[PDB]
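The structure under discussion appears below in the form of structure tokens.
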Amino acid sequence: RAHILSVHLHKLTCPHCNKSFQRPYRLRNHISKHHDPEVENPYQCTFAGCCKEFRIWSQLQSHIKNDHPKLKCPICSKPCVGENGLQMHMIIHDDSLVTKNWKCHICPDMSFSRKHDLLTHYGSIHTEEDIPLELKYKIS
DNA sequence: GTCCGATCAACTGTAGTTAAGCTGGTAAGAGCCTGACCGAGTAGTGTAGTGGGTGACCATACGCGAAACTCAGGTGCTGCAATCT
Ligand SMILES: [Zn+2]
Ligand SMILES: [Zn+2]
Ligand SMILES: [Zn+2]
Ligand SMILES: [Zn+2]
């Protein structure tokens, strides 16, 4: 895989000056300046569904760090991008919309009908230690 | 939808606030490439299980031949009798 990407598919080289760069990111920045079109805003947001464009690389660095920070779900630690990403993923845990089933983390048999009732099993066969966070998190 | 016409400022007459860069010695933006660090990507891998087809060995079958066994053919004398003498 490395041989193909270093002897035949020269993807890390400039299309114009024939320098090369240690990551595609720096090649992109290089093309955006040293071989740039007459465009006023040489930088464009690299992320999903974002259409914004910028004059100086520092403003793009700021925009990525502000509006596309890479987060982990507070409950399930799965990664997501930006405020919308977190708010979209938080629906999955929501007990008002997602009228989910109720089970033990270990015991195969459980089949509760309400959240308060599920805490009886975790309060007796387990205890207040090693209950799952989605059950515990009365955060709203 | 349109009608009147009041009315913030559109577009119209002159009176007074903004850089650029010179002498310098200088630290300030905006920056570059090698390097390091973790997350994720490319993708062949590591046990583990379902199926199939090959191979060996058997026995079952007929069909031709091989020897078996049963029952009746065949040899040869002579005890007894009859033809020729
Ligand atoms: Zn180049
Ligand atoms: Zn963006
Ligand atoms: Zn979550
Ligand atoms: Zn249990």
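Chain labels A, B, ... are given in the sequence in which chains occur in the structure tokens; within each chain residues are numbered consecutively from 1, and ligands are likewise numbered from 1 in the order shown.
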Compile a residue-level contact table for chain B against chain A at a cut-off of 12 Å, reporting for every qualifying residue the shortest atom pair and its distance in Å to one decimal, with only C-alpha atoms (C1' of nucleotides) counted, rows ordered by chain and ascending number, as CSV.
residue,atom,partner,partner_atom,distance
B:29,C1',A:58,CA,11.6
B:30,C1',A:58,CA,9.1
B:31,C1',A:57,CA,10.6
B:32,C1',A:26,CA,10.2
B:33,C1',A:21,CA,8.6
B:34,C1',A:22,CA,9.1
B:35,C1',A:22,CA,10.5
B:39,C1',A:79,CA,10.9
B:40,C1',A:79,CA,11.9
B:41,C1',A:1,CA,11.6
B:42,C1',A:1,CA,8.3
B:43,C1',A:1,CA,10.1
* Close residues to ligand 1 using only C-alpha atoms (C1' of nucleotides) and all ligand atoms, limit 6 Å, as number ranges by chain -> A: 14, 16-19
Could you list the protein, DNA and RNA residues that have any atom within 7 Å of ligand 2, counting only C-alpha atoms (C1' of nucleotides) and all ligand atoms, and write them as a tab-separated table (two decimals) with C-alpha atoms, in the first residue's frame?
chain	number	residue	atom	x	y	z
A	45	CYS	CA	-14.79	25.03	4.90
A	46	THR	CA	-13.71	21.37	4.50
A	47	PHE	CA	-16.62	19.82	6.49
A	50	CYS	CA	-20.87	23.89	5.48
A	51	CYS	CA	-20.72	26.42	2.58
A	52	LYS	CA	-18.58	29.25	4.12
A	63	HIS	CA	-14.23	28.57	11.98
A	64	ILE	CA	-13.38	24.82	12.21
A	67	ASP	CA	-18.45	25.63	14.57
A	68	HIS	CA	-17.08	22.11	13.83
Please extract the residues of chain A with a backbone DSSP assignment of strand (DSSP E or B) and present them as a tab-separated table (two decimals) with N, CA, C and O atoms, in the first residue's frame.
chain	number	residue	atom	x	y	z
A	13	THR	N	2.40	15.16	-4.33
A	13	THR	CA	3.10	16.18	-5.15
A	13	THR	C	2.20	17.35	-5.56
A	13	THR	O	1.00	17.17	-5.78
A	20	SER	N	6.64	18.37	-2.94
A	20	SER	CA	5.71	17.46	-2.28
A	20	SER	C	5.59	17.71	-0.77
A	20	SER	O	6.47	18.33	-0.16
A	43	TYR	N	-9.82	30.15	0.91
A	43	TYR	CA	-10.07	29.06	1.85
A	43	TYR	C	-11.56	28.73	1.94
A	43	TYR	O	-12.38	29.63	2.04
A	44	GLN	N	-11.93	27.45	1.93
A	44	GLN	CA	-13.32	27.00	1.97
A	44	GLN	C	-13.48	25.89	3.01
A	44	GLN	O	-12.64	25.01	3.09
A	53	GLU	N	-16.65	30.44	3.33
A	53	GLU	CA	-15.36	30.69	2.71
A	53	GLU	C	-14.68	31.92	3.32
A	53	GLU	O	-15.36	32.84	3.80
A	54	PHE	N	-13.35	31.95	3.30
A	54	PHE	CA	-12.55	32.84	4.12
A	54	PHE	C	-11.32	33.38	3.39
A	54	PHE	O	-10.81	32.76	2.45
A	70	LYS	N	-14.84	18.64	17.20
A	70	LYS	CA	-15.11	17.21	17.31
A	70	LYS	C	-15.40	16.86	18.77
A	70	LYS	O	-14.51	16.94	19.61
A	71	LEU	N	-16.64	16.49	19.07
A	71	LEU	CA	-17.12	16.17	20.41
A	71	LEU	C	-17.32	14.65	20.57
A	71	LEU	O	-17.39	13.93	19.59
A	72	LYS	N	-17.45	14.18	21.82
A	72	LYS	CA	-17.96	12.83	22.14
A	72	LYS	C	-19.26	12.94	22.92
A	72	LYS	O	-19.36	13.80	23.80
A	79	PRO	N	-18.25	9.69	18.81
A	79	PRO	CA	-17.88	11.01	18.32
A	79	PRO	C	-18.94	11.65	17.42
A	79	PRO	O	-19.68	10.96	16.72
A	80	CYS	N	-18.99	12.98	17.40
A	80	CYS	CA	-19.84	13.77	16.51
A	80	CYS	C	-19.21	15.13	16.23
A	80	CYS	O	-18.29	15.56	16.92
A	81	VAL	N	-19.68	15.82	15.19
A	81	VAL	CA	-19.13	17.13	14.78
A	81	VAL	C	-20.11	18.26	15.08
A	81	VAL	O	-21.19	18.34	14.50
A	102	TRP	N	-36.77	-1.67	28.43
A	102	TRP	CA	-36.04	-1.64	29.68
A	102	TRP	C	-35.46	-3.01	29.99
A	102	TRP	O	-36.21	-3.98	30.15
A	112	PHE	N	-39.05	-4.78	31.92
A	112	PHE	CA	-39.79	-3.77	32.67
A	112	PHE	C	-40.66	-2.87	31.78
A	112	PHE	O	-40.41	-2.72	30.58
* **Contacts with ligand 4 at most 8 Å, only C-alpha atoms (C1' of nucleotides) and all ligand atoms counted, listed as a PyMOL selection string** => chain A and resi 103-110+121-122+125-126
* Return as a PyMOL selection string every polymer residue, whether protein, DNA or RNA, with at least one atom no more than 8 Å from an atom of ligand 3; count only C-alpha atoms (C1' of nucleotides) and all ligand atoms. => chain A and resi 72-78+89-90+92-93
* Enumerate the residues of region 75-133 of chain A with a DSSP assignment of helix (DSSP H, G or I), computed from the backbone, and present them as number ranges by chain. => A: 82-93, 115-122, 133
* Figure out the distance between CA of residue 37 (chain A) and CA of residue 10 (chain A), please, to one decimal in Å. =>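 Between these atoms lies a distance of 23.1 Å.
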* Distance in Å - CA of residue 6 (chain A) versus CA of residue 42 (chain A) ->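 Interatomic distance, CA of residue 6 (chain A) to CA of residue 42 (chain A): 28.5 Å.
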* To one decimal place, how far is CA of residue 41 (chain A) from CA of residue 11 (chain A) in Å? ->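 Atom-to-atom, CA of residue 41 (chain A) to CA of residue 11 (chain A), that is 24.8 Å.
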